[PDB]
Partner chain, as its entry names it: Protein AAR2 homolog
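Just the one chain here, the form deposited without the partner chain, laid out as structure tokens.
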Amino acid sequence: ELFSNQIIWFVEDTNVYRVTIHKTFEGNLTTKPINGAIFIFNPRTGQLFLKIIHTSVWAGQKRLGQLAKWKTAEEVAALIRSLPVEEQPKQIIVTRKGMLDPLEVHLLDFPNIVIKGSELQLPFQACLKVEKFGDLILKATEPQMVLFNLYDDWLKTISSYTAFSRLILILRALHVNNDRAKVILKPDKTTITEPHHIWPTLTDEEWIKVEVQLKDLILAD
């Protein structure tokens, strides 16, 4: 299913429409949008397309929470249209059911694309908690798309299946307990993340220990 000769994308829209809320000195609530992002992820290759959503897009309308699902689908279709046919996904998987109808309507010109929902817990949006992504999104002054490889150099020595499993444990651990996940991921004073990598450089033994610890963190909360 997931890693065969078939391009698959996971699409995550949770962090597209984001706001900060503040109680003013007068006792009222101000709600100000902040920049968001769509995560579009290929589990076989590790490719992430990060579409930064700048707050200027929101200016007109109410129910921005609903509108964001539509905006997400619009941007997925725009990405597909910008790619040669051979690079277009065969399947698009969303773990948020709210994305199903908007995607169906936006992708009517792509009859080969299958859209399905998922009950999986795949918090790709947790990438915001990694400083590289967080600052990038925060500081953007306009929409843009940025490419990343979320598996770093792992595929040189492990399968796509193994790499995906490691990534999901990392994201889920960051989602549930950010502070503790970051400690687990830095087992030594000398632990570094290369400038061009997302995740730390760890030995195989260190990864084994990390993977068990992240799993236990996820079970604990």
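Numbering follows the first chain given and starts at 1.
If you average the CA temperature factors as listed in the entry, which stretch comes out higher, 200 to 208 or 10 to 18?
So the stretch with the higher mean C-alpha B-factor is 200 to 208.
Do the CA atoms of 101 to 109 or those of 122 to 130 have the higher mean B-factor in the entry?
Mean C-alpha B-factor is greater for 122 to 130.
Looking at the C-alpha B-factor values in the deposited entry, which of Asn177, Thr157, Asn35, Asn42 comes out highest?
Answer for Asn177, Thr157, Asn35, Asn42: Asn177, with the highest C-alpha B-factor.
Highest Cα B-factor in the deposition, which of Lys186, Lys69, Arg172, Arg166?
Checking the PDB record, the top C-alpha B-factor among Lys186, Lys69, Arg172, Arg166 is at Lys186.
Quick check on the deposited entry: does the C-alpha B-factor of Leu48 sit in the lowest, middle or highest third of its chain?
For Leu48, whose C-alpha B-factor we compare with every modelled residue in the chain, the answer is the lowest third.
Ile93, C-alpha B-factor rank within chain (lowest, middle or highest third):
As the PDB entry reports it, the C-alpha B-factor of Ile93 lands in the lowest third of its chain.
With respect to C-alpha B-factor, does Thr162 fall in the lowest, middle or highest third of the chain as deposited?
CA B-factor rank for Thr162: lowest third.
Lowest, middle or highest third - CA B-factor, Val114
It belongs to the middle third of the chain when residues are ordered by C-alpha B-factor.
Hey, what third does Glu86 fall into on Cα B-factor, ranked over its chain?
Middle third of the chain for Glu86's C-alpha B-factor.
What follows is about the form deposited with the partner chain bound, which we do not show.
Residue-level contact is defined here as any heavy atom of the residue lying within 4.5 Å of the partner chain in the deposited bound form; does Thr14 satisfy this criterion?
Yes, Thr14 sits close enough to the partner chain in the deposited bound form that at least one of its heavy atoms falls within 4.5 Å.
According to a 4.5 angstroms non-hydrogen atom cut-off, is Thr20 in contact with the partner chain in the deposited bound form?
Taking the distances in the deposited bound form, the answer for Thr20 is yes, it comes within 4.5 Å of the partner chain.
Contact with the partner chain in the deposited bound form for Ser56, defined as at least one heavy atom pair within 4.5 Å: yes or no?
Flag for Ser56 set to no.
Answer yes if any heavy atom of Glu142 is within 4.5 Å of a heavy atom of the partner chain in the deposited bound form; otherwise answer no.
Heavy-atom contact with the partner chain at 4.5 Å: absent for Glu142.
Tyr151, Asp153 and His197 all contacting the partner chain in the deposited bound form, non-hydrogen atom within 4.5 Å:
Negative, none of the three is within 4.5 Å.
Proximity to the partner chain in the deposited bound form, single hit among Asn178, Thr157, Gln66, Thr191 (heavy atom within 4.5 Å)
Partner contact (heavy atom, 4.5 Å) among the options: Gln66.
Work out which of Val114, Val105, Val146, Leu83 lies within 4.5 Å of the partner chain in the deposited bound form, going by heavy atoms.
Among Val114, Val105, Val146, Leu83, a heavy atom within 4.5 Å of the partner chain in the deposited bound form occurs only for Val105.
Thinking of the partner chain in the deposited bound form, which stretch from 39 to 47, 56 to 64, 162 to 170, 180 to 188 has heavy atoms inside 4.5 Å of it?
Contact criterion met by 56 to 64 only.
Which residues, if any, of 26 to 54 lie within 4.5 Å of the partner chain in the deposited bound form when only heavy atoms count?
Heavy-atom contacts to the partner chain in the deposited bound form: only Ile34.
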